[PDB]
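Visitor: Next up, entry20.cif (mmCIF, C-alpha atoms).
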```cif
data_upload
#
loop_
_atom_site.group_PDB
_atom_site.id
_atom_site.type_symbol
_atom_site.label_atom_id
_atom_site.label_comp_id
_atom_site.auth_asym_id
_atom_site.auth_seq_id
_atom_site.Cartn_x
_atom_site.Cartn_y
_atom_site.Cartn_z
ATOM 1 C CA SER A 1 2.400 94.429 -23.274
ATOM 2 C CA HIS A 2 5.657 93.216 -24.857
ATOM 3 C CA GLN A 3 7.741 90.015 -24.919
ATOM 4 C CA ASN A 4 9.553 89.892 -28.290
ATOM 5 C CA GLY A 5 10.132 92.068 -31.387
ATOM 6 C CA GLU A 6 12.156 89.797 -33.713
ATOM 7 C CA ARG A 7 11.143 88.753 -37.253
ATOM 8 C CA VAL A 8 11.943 85.885 -39.650
ATOM 9 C CA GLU A 9 11.650 85.621 -43.455
ATOM 10 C CA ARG A 10 13.295 82.196 -43.962
ATOM 11 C CA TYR A 11 9.959 80.439 -44.498
ATOM 12 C CA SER A 12 8.222 80.034 -47.847
ATOM 13 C CA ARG A 13 5.338 82.472 -47.960
ATOM 14 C CA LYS A 14 3.182 80.148 -50.094
ATOM 15 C CA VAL A 15 0.582 78.473 -47.878
ATOM 16 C CA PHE A 16 -1.947 75.785 -48.802
ATOM 17 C CA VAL A 17 -5.370 75.874 -47.134
ATOM 18 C CA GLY A 18 -8.388 73.534 -47.081
ATOM 19 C CA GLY A 19 -10.526 74.572 -44.084
ATOM 20 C CA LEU A 20 -12.261 77.490 -45.866
ATOM 21 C CA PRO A 21 -16.079 77.621 -45.539
ATOM 22 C CA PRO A 22 -18.456 76.070 -48.123
ATOM 23 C CA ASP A 23 -18.921 79.649 -49.399
ATOM 24 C CA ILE A 24 -15.776 81.759 -49.856
ATOM 25 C CA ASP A 25 -14.358 84.613 -51.934
ATOM 26 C CA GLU A 26 -10.965 86.377 -51.786
ATOM 27 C CA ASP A 27 -12.306 88.947 -49.261
ATOM 28 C CA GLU A 28 -13.590 86.246 -46.872
ATOM 29 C CA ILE A 29 -10.131 84.673 -46.641
ATOM 30 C CA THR A 30 -8.525 88.134 -46.439
ATOM 31 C CA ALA A 31 -10.598 88.585 -43.262
ATOM 32 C CA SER A 32 -9.822 85.016 -42.119
ATOM 33 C CA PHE A 33 -6.069 85.629 -41.763
ATOM 34 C CA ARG A 34 -4.442 88.461 -39.788
ATOM 35 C CA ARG A 35 -1.071 90.264 -40.152
ATOM 36 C CA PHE A 36 -0.897 88.884 -43.740
ATOM 37 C CA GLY A 37 -2.213 92.252 -45.011
ATOM 38 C CA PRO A 38 -3.092 92.346 -48.740
ATOM 39 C CA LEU A 39 -2.355 89.090 -50.583
ATOM 40 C CA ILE A 40 -2.744 87.158 -53.861
ATOM 41 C CA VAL A 41 -4.861 84.003 -54.225
ATOM 42 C CA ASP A 42 -5.631 81.218 -56.703
ATOM 43 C CA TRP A 43 -8.426 78.621 -56.775
ATOM 44 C CA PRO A 44 -8.636 74.992 -57.995
ATOM 45 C CA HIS A 45 -11.766 76.184 -59.864
ATOM 46 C CA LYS A 46 -12.627 79.728 -61.016
ATOM 47 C CA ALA A 47 -14.003 79.347 -64.565
ATOM 48 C CA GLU A 48 -17.147 81.153 -65.779
ATOM 49 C CA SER A 49 -18.728 77.692 -66.233
ATOM 50 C CA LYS A 50 -20.023 77.789 -62.625
ATOM 51 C CA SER A 51 -18.439 80.418 -60.337
ATOM 52 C CA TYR A 52 -15.445 82.738 -59.836
ATOM 53 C CA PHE A 53 -14.662 80.816 -56.609
ATOM 54 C CA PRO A 54 -14.311 77.084 -55.796
ATOM 55 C CA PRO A 55 -17.137 74.891 -54.407
ATOM 56 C CA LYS A 56 -14.620 73.478 -51.867
ATOM 57 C CA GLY A 57 -12.425 74.828 -49.053
ATOM 58 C CA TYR A 58 -9.211 74.043 -50.986
ATOM 59 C CA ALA A 59 -7.046 77.067 -51.823
ATOM 60 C CA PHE A 60 -3.503 78.168 -52.685
ATOM 61 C CA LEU A 61 -2.286 81.649 -51.710
ATOM 62 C CA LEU A 62 0.634 83.899 -50.750
ATOM 63 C CA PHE A 63 0.991 87.424 -49.328
ATOM 64 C CA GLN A 64 3.134 90.518 -49.923
ATOM 65 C CA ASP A 65 5.633 90.165 -47.026
ATOM 66 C CA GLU A 66 7.691 87.252 -45.669
ATOM 67 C CA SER A 67 7.884 88.530 -42.058
ATOM 68 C CA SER A 68 4.227 87.702 -41.378
ATOM 69 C CA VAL A 69 4.914 84.087 -42.386
ATOM 70 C CA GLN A 70 6.454 83.633 -38.940
ATOM 71 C CA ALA A 71 4.138 86.073 -37.110
ATOM 72 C CA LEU A 72 0.885 84.410 -38.255
ATOM 73 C CA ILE A 73 2.187 80.828 -38.044
ATOM 74 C CA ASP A 74 3.257 81.707 -34.466
ATOM 75 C CA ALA A 75 -0.231 83.109 -33.744
ATOM 76 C CA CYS A 76 -1.717 79.637 -34.442
ATOM 77 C CA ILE A 77 -1.363 75.909 -33.629
ATOM 78 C CA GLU A 78 1.160 73.497 -35.184
ATOM 79 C CA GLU A 79 1.949 69.765 -35.416
ATOM 80 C CA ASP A 80 5.002 67.791 -36.588
ATOM 81 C CA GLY A 81 2.780 66.722 -39.519
ATOM 82 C CA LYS A 82 0.910 69.959 -40.412
ATOM 83 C CA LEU A 83 -0.313 73.376 -39.213
ATOM 84 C CA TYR A 84 -3.777 74.567 -38.128
ATOM 85 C CA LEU A 85 -5.514 77.961 -37.869
ATOM 86 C CA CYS A 86 -8.157 78.657 -35.188
ATOM 87 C CA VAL A 87 -10.258 80.788 -37.575
ATOM 88 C CA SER A 88 -13.491 78.871 -36.777
ATOM 89 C CA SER A 89 -16.003 81.750 -36.897
ATOM 90 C CA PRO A 90 -17.868 82.129 -40.265
ATOM 91 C CA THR A 91 -20.246 79.479 -41.723
ATOM 92 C CA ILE A 92 -17.801 76.839 -40.377
ATOM 93 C CA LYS A 93 -17.282 76.074 -36.663
ATOM 94 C CA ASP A 94 -15.506 73.802 -34.151
ATOM 95 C CA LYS A 95 -12.930 72.656 -36.762
ATOM 96 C CA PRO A 96 -9.557 74.391 -37.355
ATOM 97 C CA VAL A 97 -8.380 74.933 -40.944
ATOM 98 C CA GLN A 98 -5.622 72.881 -42.604
ATOM 99 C CA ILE A 99 -2.380 74.827 -43.196
ATOM 100 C CA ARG A 100 0.875 73.959 -45.017
ATOM 101 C CA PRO A 101 3.656 76.550 -45.619
ATOM 102 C CA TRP A 102 7.140 75.550 -46.847
ATOM 103 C CA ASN A 103 10.788 75.826 -45.744
ATOM 104 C CA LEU A 104 12.653 77.390 -48.702
ATOM 105 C CA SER A 105 15.891 77.135 -46.658
ATOM 106 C CA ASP A 106 15.474 73.661 -45.077
ATOM 107 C CA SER A 107 15.236 72.136 -48.581
ATOM 108 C CA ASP A 108 18.971 71.384 -48.067
ATOM 109 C CA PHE A 109 19.733 68.328 -45.924
ATOM 110 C CA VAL A 110 23.508 68.597 -45.415
ATOM 111 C CA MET A 111 25.105 65.661 -43.561
ATOM 112 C CA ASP A 112 28.890 65.992 -44.047
ATOM 113 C CA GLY A 113 31.316 68.642 -45.369
ATOM 114 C CA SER A 114 33.777 66.135 -46.910
ATOM 115 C CA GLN A 115 31.951 66.222 -50.255
ATOM 116 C CA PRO A 116 29.947 69.185 -51.646
ATOM 117 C CA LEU A 117 27.574 68.929 -54.622
ATOM 118 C CA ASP A 118 29.417 67.766 -57.758
ATOM 119 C CA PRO A 119 28.188 66.227 -61.074
ATOM 120 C CA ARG A 120 30.449 63.165 -60.513
ATOM 121 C CA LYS A 121 29.132 62.504 -56.969
ATOM 122 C CA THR A 122 25.468 63.519 -57.398
ATOM 123 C CA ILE A 123 22.704 60.905 -57.425
ATOM 124 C CA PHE A 124 19.000 61.182 -58.316
ATOM 125 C CA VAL A 125 16.037 59.975 -56.230
ATOM 126 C CA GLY A 126 12.569 59.916 -57.822
ATOM 127 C CA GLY A 127 9.016 59.384 -56.556
ATOM 128 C CA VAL A 128 8.777 61.974 -53.737
ATOM 129 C CA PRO A 129 5.575 64.065 -53.329
ATOM 130 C CA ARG A 130 5.734 67.885 -53.151
ATOM 131 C CA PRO A 131 4.040 68.424 -49.712
ATOM 132 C CA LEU A 132 6.875 66.483 -47.984
ATOM 133 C CA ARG A 133 10.420 67.547 -47.102
ATOM 134 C CA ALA A 134 13.575 65.515 -47.857
ATOM 135 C CA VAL A 135 12.836 63.843 -44.486
ATOM 136 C CA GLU A 136 11.618 60.564 -45.976
ATOM 137 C CA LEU A 137 14.382 60.594 -48.623
ATOM 138 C CA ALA A 138 17.487 61.195 -46.524
ATOM 139 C CA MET A 139 16.275 58.989 -43.646
ATOM 140 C CA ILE A 140 15.542 55.836 -45.673
ATOM 141 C CA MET A 141 18.884 55.984 -47.484
ATOM 142 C CA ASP A 142 20.578 56.551 -44.123
ATOM 143 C CA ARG A 143 18.854 53.509 -42.543
ATOM 144 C CA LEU A 144 19.997 50.966 -45.180
ATOM 145 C CA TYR A 145 22.737 52.589 -47.361
ATOM 146 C CA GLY A 146 24.089 55.329 -45.056
ATOM 147 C CA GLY A 147 27.169 57.470 -45.741
ATOM 148 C CA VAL A 148 25.386 60.451 -47.364
ATOM 149 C CA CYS A 149 27.063 63.886 -47.364
ATOM 150 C CA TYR A 150 24.215 65.940 -48.870
ATOM 151 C CA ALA A 151 20.531 65.385 -49.672
ATOM 152 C CA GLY A 152 17.494 67.428 -50.759
ATOM 153 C CA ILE A 153 14.491 67.619 -53.102
ATOM 154 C CA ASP A 154 13.936 69.216 -56.519
ATOM 155 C CA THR A 155 12.725 72.820 -56.256
ATOM 156 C CA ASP A 156 11.563 75.790 -58.292
ATOM 157 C CA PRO A 157 14.055 78.709 -58.204
ATOM 158 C CA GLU A 158 10.929 80.889 -58.608
ATOM 159 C CA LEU A 159 9.891 80.585 -54.955
ATOM 160 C CA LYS A 160 12.238 77.816 -53.747
ATOM 161 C CA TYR A 161 9.356 75.334 -53.495
ATOM 162 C CA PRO A 162 9.231 71.587 -54.376
ATOM 163 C CA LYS A 163 8.304 70.622 -57.947
ATOM 164 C CA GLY A 164 8.906 66.839 -58.120
ATOM 165 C CA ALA A 165 11.680 64.293 -57.441
ATOM 166 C CA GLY A 166 14.861 64.835 -55.388
ATOM 167 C CA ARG A 167 18.622 64.226 -55.210
ATOM 168 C CA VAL A 168 21.592 63.392 -52.967
ATOM 169 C CA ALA A 169 25.379 63.657 -53.209
ATOM 170 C CA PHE A 170 27.689 60.961 -51.849
ATOM 171 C CA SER A 171 30.303 58.604 -53.344
ATOM 172 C CA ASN A 172 32.073 57.601 -50.112
ATOM 173 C CA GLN A 173 31.755 53.785 -50.130
ATOM 174 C CA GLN A 174 30.032 50.636 -51.413
ATOM 175 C CA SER A 175 27.014 52.039 -49.518
ATOM 176 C CA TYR A 176 26.521 54.496 -52.398
ATOM 177 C CA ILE A 177 27.169 51.613 -54.813
ATOM 178 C CA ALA A 178 24.441 49.681 -52.971
ATOM 179 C CA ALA A 179 21.825 52.458 -53.342
ATOM 180 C CA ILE A 180 22.724 53.441 -56.927
ATOM 181 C CA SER A 181 22.346 49.797 -58.024
ATOM 182 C CA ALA A 182 19.233 49.395 -55.837
ATOM 183 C CA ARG A 183 17.174 51.373 -58.344
ATOM 184 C CA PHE A 184 14.014 49.865 -56.805
ATOM 185 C CA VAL A 185 13.356 49.027 -53.130
ATOM 186 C CA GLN A 186 10.618 48.877 -50.466
ATOM 187 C CA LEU A 187 10.093 51.452 -47.683
ATOM 188 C CA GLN A 188 6.454 51.144 -46.533
ATOM 189 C CA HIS A 189 6.690 54.851 -45.579
ATOM 190 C CA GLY A 190 3.941 57.466 -45.995
ATOM 191 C CA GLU A 191 1.608 57.013 -48.989
ATOM 192 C CA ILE A 192 4.471 55.154 -50.744
ATOM 193 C CA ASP A 193 5.624 51.537 -50.351
ATOM 194 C CA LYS A 194 7.907 50.487 -53.208
ATOM 195 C CA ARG A 195 9.631 50.980 -56.604
ATOM 196 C CA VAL A 196 11.120 54.400 -55.773
ATOM 197 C CA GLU A 197 13.944 55.246 -58.177
ATOM 198 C CA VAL A 198 17.652 55.815 -57.449
ATOM 199 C CA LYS A 199 20.180 56.316 -60.285
ATOM 200 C CA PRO A 200 23.283 58.373 -61.262
ATOM 201 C CA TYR A 201 22.871 62.095 -61.978
ATOM 202 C CA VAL A 202 22.641 63.605 -65.492
#
```
Transcribe the structure of this file into structure tokens.
Guide:
Amino acid sequence: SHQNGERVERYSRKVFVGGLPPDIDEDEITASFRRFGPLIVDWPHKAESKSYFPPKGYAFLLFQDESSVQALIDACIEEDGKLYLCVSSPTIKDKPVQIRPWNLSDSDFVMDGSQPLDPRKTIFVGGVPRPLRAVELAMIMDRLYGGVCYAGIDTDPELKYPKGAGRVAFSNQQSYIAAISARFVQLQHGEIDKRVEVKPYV
């Protein structure tokens, strides 16, 4: 049978996992995923002090091609908050595995073309986690100090993946004056509530 033959490589091939069985090695997870082919993996624990593999289902991994990022993520279930794989089969059952890829091209939250990125109009925004997108950053500043032209989070040029804080670029009105002088505020959003930082760029 056939229905589609297109491919996409505009997703970040690094995927976090946590649903792995209580006993796992790199060949168990290589058999857990499909279409990913051969891949590279890293564990939160792998020292000779106990074992070459972690005592928990937590893992970080990536594979050789970026086209299977969309093919495998499409062969599984998703949520607006996270992804899930239906690989329940080995020593773990009835519970899908946690999945989190990244969007190496959505890391840019453009809002208006009247002002591109510039060192005299850039602003810094600190306190964002890595697993989140600039969603929480651009939306809070647009709900109380709106007028933004560009927004995003700090990333590694190595794989275009988050590494810490974030930034925005607008200088349109006193709304930017109100957020650049409001270097601490309250949001009650996600695992964060207060004292997030907002200051001029350097």
Visitor: One number please: CA of residue 181 (chain A) to CA of residue 145 (chain A), in Å, one decimal.
Guide: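 Interatomic distance here is 11.0 Å.
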Visitor: Determine the nearest neighbour of residue 114 (chain A) from the options A:96, A:101, A:90, A:147, counting only C-alpha atoms.
Guide: A:147
Visitor: Residue 97 (chain A): which residues within 10 Å, counting only C-alpha atoms, same-chain residues fewer than 3 positions away excluded, as an MDAnalysis selection string?
Guide: chainID A and resid 17:21 57 83:88 92:94
Visitor: Given the file shown, determine the residues that the PyMOL selection byres ((chain A and resi 5-10) around 10) selects; report them as a short mmCIF file (atom, residue, chain, number, x, y, z; two decimals) with C-alpha atoms, in the coordinates of the input.
Guide:
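Produced file out_6.cif, reproduced below:
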```
data_model
loop_
_atom_site.label_atom_id
_atom_site.label_comp_id
_atom_site.auth_asym_id
_atom_site.auth_seq_id
_atom_site.Cartn_x
_atom_site.Cartn_y
_atom_site.Cartn_z
CA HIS A 2 5.66 93.22 -24.86
CA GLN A 3 7.74 90.02 -24.92
CA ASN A 4 9.55 89.89 -28.29
CA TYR A 11 9.96 80.44 -44.50
CA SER A 12 8.22 80.03 -47.85
CA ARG A 13 5.34 82.47 -47.96
CA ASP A 65 5.63 90.16 -47.03
CA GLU A 66 7.69 87.25 -45.67
CA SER A 67 7.88 88.53 -42.06
CA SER A 68 4.23 87.70 -41.38
CA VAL A 69 4.91 84.09 -42.39
CA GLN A 70 6.45 83.63 -38.94
CA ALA A 71 4.14 86.07 -37.11
CA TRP A 102 7.14 75.55 -46.85
CA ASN A 103 10.79 75.83 -45.74
CA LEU A 104 12.65 77.39 -48.70
CA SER A 105 15.89 77.14 -46.66
CA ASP A 106 15.47 73.66 -45.08
#
```
Visitor: State, in Å with one decimal place, the distance from CA of residue 183 (chain A) to CA of residue 200 (chain A).
Guide: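 If I compute the distance from CA of residue 183 (chain A) to CA of residue 200 (chain A), I get 9.7 Å.
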Visitor: Determine, counting all atoms listed in the file, which protein, DNA and RNA residues have an atom within 12 Å of an atom of residue 119 (chain A); residues of the same chain fewer than 4 positions away are not included. Present the result as a list in words.
Guide: residues 115, 123, 124, 167, 168, 169, 170, 171, 200, 201 and 202 of chain A
Visitor: List as an MDAnalysis selection string the protein and nucleic acid residues near residue 14 (chain A), meaning an atom at most 9 Å away when all atoms listed in the file are counted, but skip any in the same chain fewer than 4 places from it.
Guide: chainID A and resid 60:63 69 100:102 159 161
Visitor: State, in Å with one decimal place, the distance from CA of residue 150 (chain A) to CA of residue 112 (chain A).
Guide: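 Atom-to-atom, CA of residue 150 (chain A) to CA of residue 112 (chain A), that is 6.7 Å.
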Visitor: Could you check which of A:191, A:107, A:54, A:175 is closest to residue 157 (chain A), using all atoms listed in the file?
Guide: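 When distances to residue 157 (chain A) are compared using all atoms listed in the file, the smallest one comes from A:107.
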Visitor: In terms of the shortest atom-to-atom distance over only C-alpha atoms, which of A:148, A:26, A:164, A:52 is closest to residue 130 (chain A)?
Guide: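 Checking each candidate against residue 130 (chain A), we get A:164 as the closest.
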Visitor: Compare A:190, A:33, A:155, A:1 by their minimum atom-to-atom distance to residue 89 (chain A), counting all atoms listed in the file, and give me the closest one.
Guide: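 Using all atoms listed in the file, the shortest distance to residue 89 (chain A) belongs to A:33.
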